[PDB]
Structure formats: C-alpha cells, structure tokens
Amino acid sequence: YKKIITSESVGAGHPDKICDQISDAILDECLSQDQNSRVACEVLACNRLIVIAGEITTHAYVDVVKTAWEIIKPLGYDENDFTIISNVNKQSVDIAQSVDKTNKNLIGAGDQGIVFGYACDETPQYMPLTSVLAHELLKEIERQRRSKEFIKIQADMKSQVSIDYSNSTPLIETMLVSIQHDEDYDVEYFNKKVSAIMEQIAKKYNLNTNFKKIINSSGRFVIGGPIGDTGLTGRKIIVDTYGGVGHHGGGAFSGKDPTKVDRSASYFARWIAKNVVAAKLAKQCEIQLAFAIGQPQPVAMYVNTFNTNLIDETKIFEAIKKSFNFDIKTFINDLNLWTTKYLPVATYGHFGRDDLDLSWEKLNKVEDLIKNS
C-alpha cells in the first residue's frame, strides 16, 4: 500500500504562465510608476492572439505591447507572431469606494474569498517535496536552454513528480517531464540530457536515484506554445501555491495589486504558516483566512497543525494572534507589497523561493512566536 503523492509544474513558455507573466509584468510597470494603482489585469493567449484585459485605475501609462514582448521574446517569439488586443477598463467606482475608505487609515478587502497559507518541514524552503522538485526540474531545464547547454528544445514544458511517503524517509516514485522540441532533435541526446537533470535534482536533495522516468510520454511535442494550447491568467493556481498538498480557496495571484486579498492575504498566510513551522511549534501548518469586501480584517480564521503540533494548539493560535497584525492595510505594508516585484513569482511558484528574497518567506517572526508561547 504505497502512499504516493504527486504535484506538477509548468515552464516559462507554457501558455497559462505567459499570461501570468504578462499580467504581473504589467502590474509591475503600474506600481513602479504609481504605488496607489488598482490593477486587475487578465491575459488570454491563443493561436496568434494575446488579449490584455482587466480593470486598472492608475496614474501610470504602460506600453502593453512592449511589455508583452519583454516576456515573449526570451521564449523565442518575435513582433509579428501575435496580434495584441488591449481592453483595459478602469476599476469600478462602486468597488473603489468600498476598498478606499473615507478613513484613510484602513483599506477594505478588495473582494470576498478564502485563502490558505501552508508550510511544512520537508524541505529547506518549507514546502512540499513534490512541488520543490517539480519546479527545480523545469528551472534547470530552462536555465540550460538559455545557456545553450540543452539544445533543440523550446520553452513550453511541464513536470510532474510523484513521491512515496510510506516510510519516515521519502522516496521519489516517478519523475515526469514533457518538453517541446525541435523537429530535427536527437531523441538519444534529449533523453540523456533530461535523465542527467532528473538525477542531479534528486542528488541535490539527497534522494534516491532509482525512480521511474517518464520523458515526453506523447512521443512527439513539436507544436507547442499558445499555438498548441490556449493560455489564461490564473489557471495555474495550484502550481503557484502548494502542489495540491495544501488547500486553496480559489483566488489567483497574477495581475493583482495588493488590495486584492486573494494575493496579499495568501502571502500573509504563508508568512504566518512558514514562521510557525520554523519556530518548531509544528511540523506542518495551514492557515485559512476569509474576507468580506470592504471589511478591513478577516471575517474568519482557522489554524490547522494536522496533529503535528509540538505545543498545545491553543497556545499556537494564541501566539499567532499576538505576533501578527491582521489589519489588511497593516500586513500589506509589513510585507512591503506595494514595492515588491511580482514578475519573478509568476513562474516557478510564489512560495519557498530560496532563489528570491520574498518578504513573506522571511523567518523574521520566529522569535515573537516562540516568545509568545
């Protein structure tokens, strides 16, 4: 009765991720010029067409076409490949009055919804091992593509990693990869390259190297990008988060300014959860926050430590409440979300990014949590 858990990732060239990138590149340009921007940018990319839509109210001007090209050119496309449509509508004044309170010391929630923060002790990143390996696999392939160490491949790619959790020590069951390749590729070269990368990633995490490898199970993958499959913003929300190990309330991240609690509260919840595990109050922690549009604080909260709590759950809940300010305006500012760049997190997950220096990944609340328990 093996216990096999599986998570996936997608590359920079994947059509859903292109949209996520463009949406966050646009957000970045807005916030860079106007830190009171309201931005809710959604992008569609389908065979020859990229539609840039959403609601924005901003003093900035963003050259939407130039921005799309910044993301698309490194993947291998040129200025004649896509028709670009710009349908940028302003934020609804009925929404704005509710978020931007008369009392300028409070920001009301950008929308209702539910978010989940999650953390665990399985990796240095405090993330499920399946997610971390899935992302690392694709990062390493993309890096080798750009360095030209791995040739005759294109940017569109997916990974799936199954891990065996039956014992105290995890075993990799299966590593799967689909990468878009050139017509004139060499399968032997391609297969040896991927395998070497699969083993290197396993060795780097001190794992077994005897796992089953599924390399390009379709048998052929030359048609790819938005030509092969349509892309949309926010259609990789589980890849963006915790790889199906954690729960998810439904909200997407990319293209959203921090007033959209779907994004800021999720980073806040990860911040809490991650620090809770780093403080060794639990092996795993999941935090659920719910919001109501226009209300400055969460409407409901739940902490779940999965029965891995080292101290009484009551004292964990109580430490969290005394160590964190749950006012939306306050946690936005505490996490420096108005000045953070989001493009780097539009690829390879928003969480456990030891390659980045994200505000919500900092273990700068362990002392307060410890002390308050």
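From 1 onward, residues are counted along the sequence shown.
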Of 323 to 331 and 307 to 315, the one with larger mean CA B-factor: 307 to 315
Compare the mean C-alpha B-factor of 128 to 136 with that of 197 to 205 as given in the PDB entry, and name the stretch with the higher value. 197 to 205
Going by the deposited entry, which of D81, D94, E183, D240 has the highest CA temperature factor? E183
Largest Cα B-factor, entry values, listed residues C19, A12, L363, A25: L363
Based on the entry's values, in what third of the chain does the Cα temperature factor of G231 lie: lowest, middle or highest? lowest
Can you tell me which third, lowest, middle or highest, the CA B-factor of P170 falls into for its chain? highest
Ordered by C-alpha B-factor within the chain, which third holds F221? Give me lowest, middle or highest, please. middle
Looking at the C-alpha B-factor of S162, is it in the lowest, middle or highest third of its chain? middle
Of the three thirds of its chain by CA temperature factor, lowest, middle or highest, which one includes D111? middle
